[PDB]
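A.B. asks: What follows is protein_16.csv, CSV, C-alpha atoms and all ligand atoms.
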```
chain,number,residue,atom,x,y,z
D,218,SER,CA,-16.8,-18.0,4.0
D,219,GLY,CA,-20.4,-17.5,2.8
D,220,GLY,CA,-23.0,-19.3,4.8
D,221,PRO,CA,-24.8,-22.7,4.8
D,222,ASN,CA,-25.5,-22.7,8.5
D,223,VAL,CA,-25.6,-19.2,9.9
D,224,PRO,CA,-27.1,-18.4,13.4
D,225,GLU,CA,-30.6,-17.1,13.2
D,226,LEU,CA,-29.8,-13.9,15.0
D,227,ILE,CA,-27.1,-13.1,12.4
D,228,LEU,CA,-29.6,-13.7,9.5
D,229,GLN,CA,-32.3,-11.5,11.1
D,230,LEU,CA,-29.6,-8.9,11.7
D,231,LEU,CA,-28.6,-9.1,8.0
D,232,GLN,CA,-32.3,-8.5,7.1
D,233,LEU,CA,-32.4,-5.6,9.6
D,234,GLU,CA,-29.4,-3.8,7.9
D,235,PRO,CA,-30.4,-0.6,6.1
D,236,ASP,CA,-29.6,0.1,2.4
D,237,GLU,CA,-26.4,2.1,1.8
D,238,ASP,CA,-27.7,4.1,-1.1
D,239,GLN,CA,-30.8,5.2,0.7
D,240,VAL,CA,-28.9,6.3,3.8
D,241,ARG,CA,-26.3,8.1,1.6
D,242,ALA,CA,-29.0,9.9,-0.3
D,243,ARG,CA,-30.9,10.8,2.9
D,244,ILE,CA,-27.8,12.2,4.5
D,245,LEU,CA,-26.8,14.1,1.4
D,246,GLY,CA,-30.3,15.6,1.2
D,247,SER,CA,-30.0,16.5,4.9
D,248,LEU,CA,-26.8,18.3,4.1
D,249,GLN,CA,-28.2,20.1,1.2
D,250,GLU,CA,-30.5,22.1,3.5
D,251,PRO,CA,-29.6,25.8,4.2
D,252,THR,CA,-27.8,26.7,7.4
D,253,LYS,CA,-26.5,29.7,9.3
D,254,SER,CA,-22.8,29.6,8.2
D,255,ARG,CA,-20.3,30.8,10.8
D,256,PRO,CA,-17.9,33.4,9.3
D,257,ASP,CA,-15.0,32.3,11.6
D,258,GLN,CA,-15.2,28.6,10.4
D,259,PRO,CA,-14.9,26.5,7.3
D,260,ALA,CA,-18.4,25.4,6.3
D,261,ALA,CA,-17.0,21.9,5.7
D,262,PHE,CA,-16.6,21.6,9.5
D,263,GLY,CA,-20.3,22.1,10.2
D,264,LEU,CA,-21.2,20.0,7.2
D,265,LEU,CA,-19.1,17.1,8.6
D,266,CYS,CA,-20.6,17.6,12.1
D,267,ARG,CA,-24.1,17.4,10.6
D,268,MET,CA,-22.9,14.4,8.5
D,269,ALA,CA,-21.9,12.5,11.7
D,270,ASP,CA,-25.1,13.6,13.3
D,271,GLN,CA,-27.2,12.1,10.5
D,272,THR,CA,-25.1,9.0,10.5
D,273,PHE,CA,-26.0,8.5,14.1
D,274,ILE,CA,-29.6,9.2,13.2
D,275,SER,CA,-29.5,6.3,10.8
D,276,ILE,CA,-27.7,4.2,13.4
D,277,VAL,CA,-30.4,4.9,16.0
D,278,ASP,CA,-33.1,4.1,13.4
D,279,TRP,CA,-31.2,0.8,12.9
D,280,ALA,CA,-31.3,0.2,16.7
D,281,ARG,CA,-35.0,0.8,17.0
D,282,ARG,CA,-35.7,-2.1,14.7
D,283,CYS,CA,-33.4,-4.5,16.5
D,284,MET,CA,-34.7,-7.6,18.4
D,285,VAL,CA,-34.7,-7.4,22.2
D,286,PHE,CA,-33.9,-3.7,21.9
D,287,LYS,CA,-37.4,-3.0,20.7
D,288,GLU,CA,-38.7,-5.0,23.6
D,289,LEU,CA,-37.1,-2.5,26.0
D,290,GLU,CA,-38.5,0.7,27.5
D,291,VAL,CA,-37.1,4.2,26.8
D,292,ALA,CA,-34.8,4.4,29.8
D,293,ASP,CA,-32.7,1.3,28.9
D,294,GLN,CA,-32.5,2.2,25.3
D,295,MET,CA,-31.3,5.7,26.1
D,296,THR,CA,-28.7,4.3,28.5
D,297,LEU,CA,-27.4,1.8,26.0
D,298,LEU,CA,-27.2,4.3,23.2
D,299,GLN,CA,-25.6,6.9,25.5
D,300,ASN,CA,-23.1,4.2,26.3
D,301,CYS,CA,-22.2,2.9,22.8
D,302,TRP,CA,-22.9,5.8,20.4
D,303,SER,CA,-19.3,6.7,19.7
D,304,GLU,CA,-18.4,3.0,19.4
D,305,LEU,CA,-21.2,2.4,16.9
D,306,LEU,CA,-20.2,5.5,14.8
D,307,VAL,CA,-16.5,4.6,14.8
D,308,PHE,CA,-17.2,1.0,13.9
D,309,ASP,CA,-19.5,2.2,11.1
D,310,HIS,CA,-16.7,4.3,9.7
D,311,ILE,CA,-14.2,1.5,10.1
D,312,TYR,CA,-16.4,-1.1,8.3
D,313,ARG,CA,-17.1,1.5,5.6
D,314,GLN,CA,-13.3,1.6,5.1
D,315,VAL,CA,-13.1,-2.2,5.1
D,316,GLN,CA,-16.0,-2.7,2.6
D,317,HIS,CA,-14.5,-0.2,0.1
D,318,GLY,CA,-10.8,-0.1,0.8
D,319,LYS,CA,-8.4,2.2,-0.9
D,320,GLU,CA,-5.3,2.4,1.4
D,321,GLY,CA,-4.4,5.9,0.2
D,322,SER,CA,-7.6,7.5,1.3
D,323,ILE,CA,-10.7,7.3,3.5
D,324,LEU,CA,-14.3,7.0,2.4
D,325,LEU,CA,-17.0,9.1,4.0
D,326,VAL,CA,-20.7,8.0,4.2
D,327,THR,CA,-21.6,10.7,1.7
D,328,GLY,CA,-19.4,9.0,-0.9
D,329,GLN,CA,-16.6,11.5,-1.2
D,330,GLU,CA,-13.0,10.3,-0.8
D,331,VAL,CA,-10.4,12.1,1.4
D,332,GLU,CA,-6.7,11.3,0.8
D,333,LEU,CA,-4.5,10.6,3.8
D,334,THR,CA,-2.1,13.4,2.7
D,335,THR,CA,-4.9,15.9,3.0
D,336,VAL,CA,-5.6,14.8,6.5
D,337,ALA,CA,-1.8,14.8,7.2
D,338,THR,CA,-1.4,18.4,6.1
D,339,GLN,CA,-4.7,20.0,7.1
D,340,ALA,CA,-5.9,18.3,10.3
D,341,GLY,CA,-4.4,18.5,13.8
D,342,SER,CA,-2.2,15.9,15.3
D,343,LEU,CA,-5.1,14.4,17.3
D,344,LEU,CA,-7.5,13.8,14.4
D,345,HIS,CA,-4.5,12.6,12.3
D,346,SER,CA,-3.7,10.0,15.0
D,347,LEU,CA,-7.4,9.1,15.1
D,348,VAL,CA,-7.6,8.5,11.4
D,349,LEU,CA,-4.3,6.6,11.3
D,350,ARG,CA,-5.2,4.3,14.2
D,351,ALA,CA,-8.6,3.7,12.7
D,352,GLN,CA,-6.9,2.8,9.5
D,353,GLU,CA,-4.6,0.3,11.4
D,354,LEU,CA,-7.8,-1.2,12.8
D,355,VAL,CA,-9.2,-1.4,9.3
D,356,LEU,CA,-6.0,-3.2,8.2
D,357,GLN,CA,-6.3,-5.7,11.0
D,358,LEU,CA,-10.0,-6.4,10.2
D,359,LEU,CA,-9.0,-6.9,6.5
D,360,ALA,CA,-6.3,-9.3,7.6
D,361,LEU,CA,-8.9,-11.3,9.6
D,362,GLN,CA,-11.2,-11.4,6.5
D,363,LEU,CA,-14.1,-9.7,8.3
D,364,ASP,CA,-17.5,-10.4,6.6
D,365,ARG,CA,-21.0,-8.9,6.8
D,366,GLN,CA,-22.3,-11.5,9.2
D,367,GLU,CA,-19.5,-10.9,11.7
D,368,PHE,CA,-20.0,-7.1,11.1
D,369,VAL,CA,-23.7,-7.0,12.0
D,370,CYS,CA,-23.1,-9.5,14.8
D,371,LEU,CA,-20.3,-7.2,16.2
D,372,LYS,CA,-22.6,-4.2,15.9
D,373,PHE,CA,-25.3,-6.0,17.9
D,374,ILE,CA,-22.6,-7.0,20.5
D,375,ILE,CA,-21.5,-3.3,20.8
D,376,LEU,CA,-25.1,-2.2,21.2
D,377,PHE,CA,-25.4,-4.3,24.4
D,378,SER,CA,-21.8,-4.0,25.7
D,379,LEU,CA,-22.7,-2.5,29.1
D,380,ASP,CA,-22.7,-3.6,32.7
D,381,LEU,CA,-26.1,-5.0,33.7
D,382,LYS,CA,-26.4,-3.0,36.9
D,383,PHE,CA,-27.1,0.2,34.8
D,384,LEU,CA,-30.1,-1.4,33.1
D,385,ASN,CA,-33.7,-2.0,34.4
D,386,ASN,CA,-34.4,-5.1,32.3
D,387,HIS,CA,-31.5,-7.3,33.4
D,388,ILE,CA,-32.3,-10.9,32.3
D,389,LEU,CA,-33.4,-9.8,28.8
D,390,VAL,CA,-30.2,-7.9,28.1
D,391,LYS,CA,-28.1,-10.7,29.6
D,392,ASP,CA,-29.9,-13.2,27.3
D,393,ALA,CA,-29.1,-10.8,24.4
D,394,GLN,CA,-25.4,-10.6,25.3
D,395,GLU,CA,-25.0,-14.4,25.8
D,396,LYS,CA,-26.9,-15.1,22.6
D,397,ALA,CA,-24.8,-12.6,20.7
D,398,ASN,CA,-21.5,-14.1,21.9
D,399,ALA,CA,-22.8,-17.6,21.2
D,400,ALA,CA,-23.8,-16.5,17.7
D,401,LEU,CA,-20.4,-14.9,17.0
D,402,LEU,CA,-18.5,-17.9,18.3
D,403,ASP,CA,-20.7,-20.4,16.4
D,404,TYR,CA,-20.3,-18.5,13.1
D,405,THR,CA,-16.5,-18.0,13.5
D,406,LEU,CA,-16.0,-21.7,14.5
D,407,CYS,CA,-18.2,-22.8,11.5
D,408,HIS,CA,-16.8,-20.5,8.8
D,409,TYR,CA,-13.1,-19.7,9.6
D,410,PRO,CA,-10.7,-22.2,7.9
D,411,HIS,CA,-7.6,-20.3,8.9
D,412,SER,CA,-5.7,-20.5,12.2
D,413,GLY,CA,-6.2,-18.4,15.3
D,414,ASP,CA,-9.3,-17.7,17.4
D,415,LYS,CA,-11.2,-15.3,15.2
D,416,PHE,CA,-13.8,-14.8,18.0
D,417,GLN,CA,-11.2,-13.6,20.5
D,418,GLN,CA,-9.3,-11.6,17.9
D,419,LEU,CA,-12.6,-9.8,17.0
D,420,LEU,CA,-13.2,-9.1,20.6
D,421,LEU,CA,-9.8,-7.5,20.8
D,422,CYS,CA,-10.8,-5.5,17.8
D,423,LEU,CA,-13.8,-4.4,19.7
D,424,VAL,CA,-11.6,-3.3,22.6
D,425,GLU,CA,-9.5,-1.2,20.2
D,426,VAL,CA,-12.7,0.2,18.7
D,427,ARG,CA,-13.7,1.2,22.2
D,428,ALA,CA,-10.4,3.0,23.0
D,429,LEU,CA,-10.6,4.7,19.6
D,430,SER,CA,-14.1,5.8,20.5
D,431,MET,CA,-12.8,7.3,23.7
D,432,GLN,CA,-10.3,9.3,21.8
D,433,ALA,CA,-13.1,10.4,19.4
D,434,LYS,CA,-15.1,11.6,22.5
D,435,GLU,CA,-12.0,13.5,23.6
D,436,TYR,CA,-11.7,15.2,20.2
D,437,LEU,CA,-15.4,16.2,20.2
D,438,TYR,CA,-15.0,17.4,23.8
D,439,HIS,CA,-12.0,19.6,22.7
D,440,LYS,CA,-14.1,21.1,20.0
D,441,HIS,CA,-16.9,21.6,22.5
D,442,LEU,CA,-14.8,23.5,25.0
D,443,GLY,CA,-13.6,25.8,22.2
D,444,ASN,CA,-17.2,26.6,21.2
D,445,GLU,CA,-16.4,25.2,17.8
D,446,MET,CA,-19.4,22.9,17.6
D,447,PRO,CA,-22.8,24.1,16.1
D,448,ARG,CA,-25.7,24.6,18.5
D,449,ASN,CA,-28.0,21.6,19.2
D,450,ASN,CA,-25.4,19.1,17.9
D,451,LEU,CA,-26.7,15.6,18.5
D,452,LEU,CA,-23.2,14.1,19.2
D,453,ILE,CA,-22.5,16.8,21.8
D,454,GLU,CA,-25.8,16.0,23.5
D,455,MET,CA,-24.7,12.3,23.5
D,456,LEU,CA,-21.4,13.4,24.9
D,457,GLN,CA,-22.9,15.5,27.7
D,458,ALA,CA,-25.2,12.6,28.7
D,459,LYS,CA,-24.6,11.3,32.3
D,460,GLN,CA,-22.0,8.6,32.1
D,461,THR,CA,-22.8,5.0,33.1
T,141,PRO,CA,-35.9,17.6,26.4
T,142,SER,CA,-33.4,15.5,24.5
T,143,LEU,CA,-33.1,14.8,20.7
T,144,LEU,CA,-32.4,11.2,21.5
T,145,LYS,CA,-35.6,10.7,23.4
T,146,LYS,CA,-37.5,12.4,20.6
T,147,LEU,CA,-35.9,10.0,18.1
T,148,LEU,CA,-36.8,7.0,20.2
T,149,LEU,CA,-40.3,8.2,20.6
T,150,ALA,CA,-40.6,9.2,16.9
T,151,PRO,CA,-43.2,7.3,14.8
T,152,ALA,CA,-41.9,4.1,13.2
B,1,LIG,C1,-17.7,9.2,17.4
B,1,LIG,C2,-16.9,9.6,16.1
B,1,LIG,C3,-17.8,9.5,14.9
B,1,LIG,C4,-17.0,9.9,13.6
B,1,LIG,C5,-17.5,9.1,12.4
B,1,LIG,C6,-17.3,9.9,11.1
B,1,LIG,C7,-15.9,10.2,10.8
B,1,LIG,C8,-15.7,11.3,9.8
B,1,LIG,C9,-14.2,11.7,9.5
B,1,LIG,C10,-14.1,13.1,9.0
B,1,LIG,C11,-12.8,13.3,8.1
B,1,LIG,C12,-12.8,14.6,7.4
B,1,LIG,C13,-11.4,15.2,7.2
B,1,LIG,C14,-11.3,16.1,6.0
B,1,LIG,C15,-9.9,16.7,5.8
B,1,LIG,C16,-9.4,17.4,7.0
B,1,LIG,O1,-8.4,16.9,7.7
B,1,LIG,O2,-9.8,18.8,7.4
B,1,LIG,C17,-9.6,19.2,8.7
B,1,LIG,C18,-10.3,18.3,9.7
B,1,LIG,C19,-10.4,19.0,11.1
B,1,LIG,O3,-9.2,19.6,11.4
B,1,LIG,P1,-8.9,19.9,13.0
B,1,LIG,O4,-10.0,20.6,13.6
B,1,LIG,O5,-8.7,18.5,13.7
B,1,LIG,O6,-7.6,20.7,13.2
B,1,LIG,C20,-7.7,22.0,13.8
B,1,LIG,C21,-7.6,23.1,12.7
B,1,LIG,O7,-6.3,23.1,12.2
B,1,LIG,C22,-7.8,24.4,13.4
B,1,LIG,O8,-7.8,25.5,12.4
B,1,LIG,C23,-6.8,24.7,14.5
B,1,LIG,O9,-7.0,25.9,15.1
B,1,LIG,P2,-5.9,27.0,14.9
B,1,LIG,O10,-5.9,27.6,13.5
B,1,LIG,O11,-6.2,28.1,15.9
B,1,LIG,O12,-4.6,26.4,15.2
B,1,LIG,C24,-6.9,23.5,15.5
B,1,LIG,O13,-6.0,23.8,16.5
B,1,LIG,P3,-6.4,23.5,18.0
B,1,LIG,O14,-5.9,22.1,18.4
B,1,LIG,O15,-5.8,24.5,18.9
B,1,LIG,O16,-7.9,23.5,18.1
B,1,LIG,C25,-6.6,22.2,14.8
B,1,LIG,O17,-6.6,21.1,15.8
B,1,LIG,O18,-11.6,18.1,9.2
B,1,LIG,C26,-12.8,18.4,10.0
B,1,LIG,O19,-13.3,19.5,10.0
B,1,LIG,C27,-13.6,17.3,10.7
B,1,LIG,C28,-14.8,17.8,11.5
B,1,LIG,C29,-15.4,16.8,12.5
B,1,LIG,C30,-16.8,16.4,12.2
B,1,LIG,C31,-17.2,14.9,12.6
B,1,LIG,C32,-16.7,14.6,14.1
B,1,LIG,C33,-15.5,13.6,14.1
B,1,LIG,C34,-15.1,13.2,15.5
B,1,LIG,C35,-14.3,11.9,15.6
B,1,LIG,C36,-13.2,11.8,14.5
B,1,LIG,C37,-13.5,10.8,13.5
B,1,LIG,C38,-12.2,10.0,13.0
B,1,LIG,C39,-12.4,8.5,12.9
B,1,LIG,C40,-11.5,7.7,13.9
B,1,LIG,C41,-12.3,6.9,14.8
```
Written as structure tokens, how would this file's structure read?
Ligand SMILES: CCCCCCCCCCCCCCCC(=O)OC[C@@H](COP(=O)(O)O[C@@H]1[C@H](O)[C@H](O)[C@@H](OP(=O)(O)O)[C@H](OP(=O)(O)O)[C@H]1O)OC(=O)CCCCCCCCCCCCCCC
C.D. replies:
Amino acid sequence: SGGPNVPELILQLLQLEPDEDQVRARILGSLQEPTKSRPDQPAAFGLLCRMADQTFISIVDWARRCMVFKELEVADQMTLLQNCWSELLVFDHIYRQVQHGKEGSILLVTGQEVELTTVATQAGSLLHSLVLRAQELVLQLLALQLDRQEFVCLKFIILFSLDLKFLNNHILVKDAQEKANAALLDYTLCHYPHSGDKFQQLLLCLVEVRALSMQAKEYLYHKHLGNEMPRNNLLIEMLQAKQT
Amino acid sequence: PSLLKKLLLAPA
């Protein structure tokens, strides 16, 4: 539903969520900048790479303002982000599709629509499968009636979805995870009138998001091995980070 | 060294 009794963490997360129009304008302006266009590639490719990069910039900016995360040192933050970057980006795309859903197309962060036929005829089988599976996930989330509260809560959960042994500040992160799960469970139990464990189902959705993220990493890696990615690409730097 | 570290150390 809406919210008479929403967990404090979820409310604070709602207040920590950036404005869509501002981010859109910022990324657009960041794309408007001149660039050394490669003659052996469609410029749209580089523009989309830069787009994803800027999206991740905004995501990082969102992370920096988050509770618990801002109480962490640089190392832990870098580890977490290097662990959940693709997941955060993918989930961002997915929820962007959920919030503004036209089944015949996908909506980019810039605001431009891309029909599924275009993807089906112009993209490779891998990216096609990625978009299709992501759209299936979008359909599932729409079926579960996902709201903004559960969205930001799930983002926060994703941000700290990592084994504790790779982090220096153990107890704090543990508290963050437990509090996050407790918040999600509380909200879902207090607001979902339908049947089924919405909490567990959302966790499954998170698993699917993770696998999808793995596939995305695989795609970016394929582009990387073919020297198709622009130099100093942020996502490639995140991909080349030491895995935890 | 890394753009990520620069981002995390950037002014807020
Ligand atoms: C961590 C992931 C974060 C992603 C979040 C943002 C998601 C943005 C989605 C972007 C959708 C834009 C699609 C616009 C329409 C479109 O389909 O245009 C084409 C597609 C790409 O065509 P192609 O290169 O695949 O397909 C190639 C192409 O045909 C070559 O010409 C062939 O070479 P060839 O001529 O020698 O055969 C290749 O063959 P090969 O296999 O050998 O390399 C083939 O695979 O649009 C693109 O340019 C997108 C550029 C990527 C920038 C952003 C990174 C996205 C990475 C993750 C995917 C996001 C999907 C979401 C699902 C979770």
A.B. asks: For chain D against ligand LIG 1 (chain B), with a cut-off of 8 Å and counting all atoms listed in the file, what is the closest atom pair and its distance in Å to one decimal for every residue that makes the cut, ordered by chain and number, as CSV?
C.D. replies:
```
residue,atom,partner,partner_atom,distance
D:259,CA,B:LIG1,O19,7.7
D:261,CA,B:LIG1,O19,6.2
D:262,CA,B:LIG1,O19,3.9
D:263,CA,B:LIG1,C30,7.0
D:264,CA,B:LIG1,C30,7.6
D:265,CA,B:LIG1,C30,4.3
D:266,CA,B:LIG1,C30,4.0
D:267,CA,B:LIG1,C30,7.5
D:268,CA,B:LIG1,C31,7.0
D:269,CA,B:LIG1,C6,5.3
D:272,CA,B:LIG1,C5,7.8
D:302,CA,B:LIG1,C1,6.9
D:303,CA,B:LIG1,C1,3.8
D:304,CA,B:LIG1,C1,6.6
D:305,CA,B:LIG1,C1,7.7
D:306,CA,B:LIG1,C3,4.7
D:307,CA,B:LIG1,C41,4.8
D:308,CA,B:LIG1,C41,7.7
D:309,CA,B:LIG1,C5,7.3
D:310,CA,B:LIG1,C5,5.6
D:311,CA,B:LIG1,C41,7.4
D:323,CA,B:LIG1,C11,7.8
D:325,CA,B:LIG1,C8,6.3
D:326,CA,B:LIG1,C6,7.9
D:331,CA,B:LIG1,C14,6.2
D:335,CA,B:LIG1,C15,5.8
D:336,CA,B:LIG1,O1,3.7
D:337,CA,B:LIG1,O1,6.9
D:338,CA,B:LIG1,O1,7.3
D:339,CA,B:LIG1,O1,4.9
D:340,CA,B:LIG1,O3,3.7
D:341,CA,B:LIG1,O6,3.9
D:342,CA,B:LIG1,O17,6.8
D:343,CA,B:LIG1,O5,6.5
D:344,CA,B:LIG1,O5,4.9
D:345,CA,B:LIG1,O5,7.4
D:347,CA,B:LIG1,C40,4.5
D:348,CA,B:LIG1,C40,4.7
D:349,CA,B:LIG1,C40,7.7
D:350,CA,B:LIG1,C40,7.2
D:351,CA,B:LIG1,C40,5.1
D:426,CA,B:LIG1,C41,7.8
D:429,CA,B:LIG1,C41,5.5
D:430,CA,B:LIG1,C1,5.8
D:432,CA,B:LIG1,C41,7.7
D:433,CA,B:LIG1,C35,4.3
D:434,CA,B:LIG1,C1,6.2
D:436,CA,B:LIG1,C34,6.1
D:437,CA,B:LIG1,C34,5.6
D:439,CA,B:LIG1,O16,7.3
D:440,CA,B:LIG1,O16,6.9
D:443,CA,B:LIG1,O16,7.4
D:452,CA,B:LIG1,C1,7.6
```
A.B. asks: For the selection you just gave me, I'd like the residues written to a file as a PDB file, keeping the file's coordinate frame, keeping C-alpha atoms.
C.D. replies:
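Output (result.pdb):
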```pdb
ATOM      1  CA  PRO D 259     -14.900  26.500   7.300  1.00  0.00           C
ATOM      2  CA  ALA D 261     -17.000  21.900   5.700  1.00  0.00           C
ATOM      3  CA  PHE D 262     -16.600  21.600   9.500  1.00  0.00           C
ATOM      4  CA  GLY D 263     -20.300  22.100  10.200  1.00  0.00           C
ATOM      5  CA  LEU D 264     -21.200  20.000   7.200  1.00  0.00           C
ATOM      6  CA  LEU D 265     -19.100  17.100   8.600  1.00  0.00           C
ATOM      7  CA  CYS D 266     -20.600  17.600  12.100  1.00  0.00           C
ATOM      8  CA  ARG D 267     -24.100  17.400  10.600  1.00  0.00           C
ATOM      9  CA  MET D 268     -22.900  14.400   8.500  1.00  0.00           C
ATOM     10  CA  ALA D 269     -21.900  12.500  11.700  1.00  0.00           C
ATOM     11  CA  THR D 272     -25.100   9.000  10.500  1.00  0.00           C
ATOM     12  CA  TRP D 302     -22.900   5.800  20.400  1.00  0.00           C
ATOM     13  CA  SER D 303     -19.300   6.700  19.700  1.00  0.00           C
ATOM     14  CA  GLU D 304     -18.400   3.000  19.400  1.00  0.00           C
ATOM     15  CA  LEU D 305     -21.200   2.400  16.900  1.00  0.00           C
ATOM     16  CA  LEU D 306     -20.200   5.500  14.800  1.00  0.00           C
ATOM     17  CA  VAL D 307     -16.500   4.600  14.800  1.00  0.00           C
ATOM     18  CA  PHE D 308     -17.200   1.000  13.900  1.00  0.00           C
ATOM     19  CA  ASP D 309     -19.500   2.200  11.100  1.00  0.00           C
ATOM     20  CA  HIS D 310     -16.700   4.300   9.700  1.00  0.00           C
ATOM     21  CA  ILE D 311     -14.200   1.500  10.100  1.00  0.00           C
ATOM     22  CA  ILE D 323     -10.700   7.300   3.500  1.00  0.00           C
ATOM     23  CA  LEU D 325     -17.000   9.100   4.000  1.00  0.00           C
ATOM     24  CA  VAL D 326     -20.700   8.000   4.200  1.00  0.00           C
ATOM     25  CA  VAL D 331     -10.400  12.100   1.400  1.00  0.00           C
ATOM     26  CA  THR D 335      -4.900  15.900   3.000  1.00  0.00           C
ATOM     27  CA  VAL D 336      -5.600  14.800   6.500  1.00  0.00           C
ATOM     28  CA  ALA D 337      -1.800  14.800   7.200  1.00  0.00           C
ATOM     29  CA  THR D 338      -1.400  18.400   6.100  1.00  0.00           C
ATOM     30  CA  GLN D 339      -4.700  20.000   7.100  1.00  0.00           C
ATOM     31  CA  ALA D 340      -5.900  18.300  10.300  1.00  0.00           C
ATOM     32  CA  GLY D 341      -4.400  18.500  13.800  1.00  0.00           C
ATOM     33  CA  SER D 342      -2.200  15.900  15.300  1.00  0.00           C
ATOM     34  CA  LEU D 343      -5.100  14.400  17.300  1.00  0.00           C
ATOM     35  CA  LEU D 344      -7.500  13.800  14.400  1.00  0.00           C
ATOM     36  CA  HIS D 345      -4.500  12.600  12.300  1.00  0.00           C
ATOM     37  CA  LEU D 347      -7.400   9.100  15.100  1.00  0.00           C
ATOM     38  CA  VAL D 348      -7.600   8.500  11.400  1.00  0.00           C
ATOM     39  CA  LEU D 349      -4.300   6.600  11.300  1.00  0.00           C
ATOM     40  CA  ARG D 350      -5.200   4.300  14.200  1.00  0.00           C
ATOM     41  CA  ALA D 351      -8.600   3.700  12.700  1.00  0.00           C
ATOM     42  CA  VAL D 426     -12.700   0.200  18.700  1.00  0.00           C
ATOM     43  CA  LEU D 429     -10.600   4.700  19.600  1.00  0.00           C
ATOM     44  CA  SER D 430     -14.100   5.800  20.500  1.00  0.00           C
ATOM     45  CA  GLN D 432     -10.300   9.300  21.800  1.00  0.00           C
ATOM     46  CA  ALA D 433     -13.100  10.400  19.400  1.00  0.00           C
ATOM     47  CA  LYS D 434     -15.100  11.600  22.500  1.00  0.00           C
ATOM     48  CA  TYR D 436     -11.700  15.200  20.200  1.00  0.00           C
ATOM     49  CA  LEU D 437     -15.400  16.200  20.200  1.00  0.00           C
ATOM     50  CA  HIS D 439     -12.000  19.600  22.700  1.00  0.00           C
ATOM     51  CA  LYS D 440     -14.100  21.100  20.000  1.00  0.00           C
ATOM     52  CA  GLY D 443     -13.600  25.800  22.200  1.00  0.00           C
ATOM     53  CA  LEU D 452     -23.200  14.100  19.200  1.00  0.00           C
TER      54      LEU D 452
END
```
A.B. asks: Which chain T residues are at most 9 Å from chain D (counting only C-alpha atoms), as a VMD selection string?
C.D. replies: chain T and resid 142 to 145 147 to 149 152
A.B. asks: Report, in Å with one decimal, the straight-line distance from CA of residue 249 (chain D) to CA of residue 441 (chain D).
C.D. replies: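 CA of residue 249 (chain D) sits 24.2 Å away from CA of residue 441 (chain D).
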A.B. asks: With a distance cut-off of 9 Å and only C-alpha atoms, select the neighbouring residues of residue 367 (chain D), excluding the residue or stretch itself and same-chain residues fewer than 5 positions from it, and output the selection as a PyMOL selection string.
C.D. replies: chain D and resi 227+372+401+404-405+419
A.B. asks: Ranking D:327, D:220, D:332, D:293 by minimum distance to residue 241 (chain D) and counting only C-alpha atoms, which one comes first?
C.D. replies: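 Under the stated criterion, the closest residue is D:327.
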A.B. asks: Give me, please, the distance in Å between CA of residue 361 (chain D) and CA of residue 330 (chain D), quoted to one decimal.
C.D. replies: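 A separation of 24.3 Å between them.
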A.B. asks: Can you tell me how far CA of residue 322 (chain D) sits from CA of residue 442 (chain D), in Å to one decimal?
C.D. replies: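 The value is 29.5 Å.
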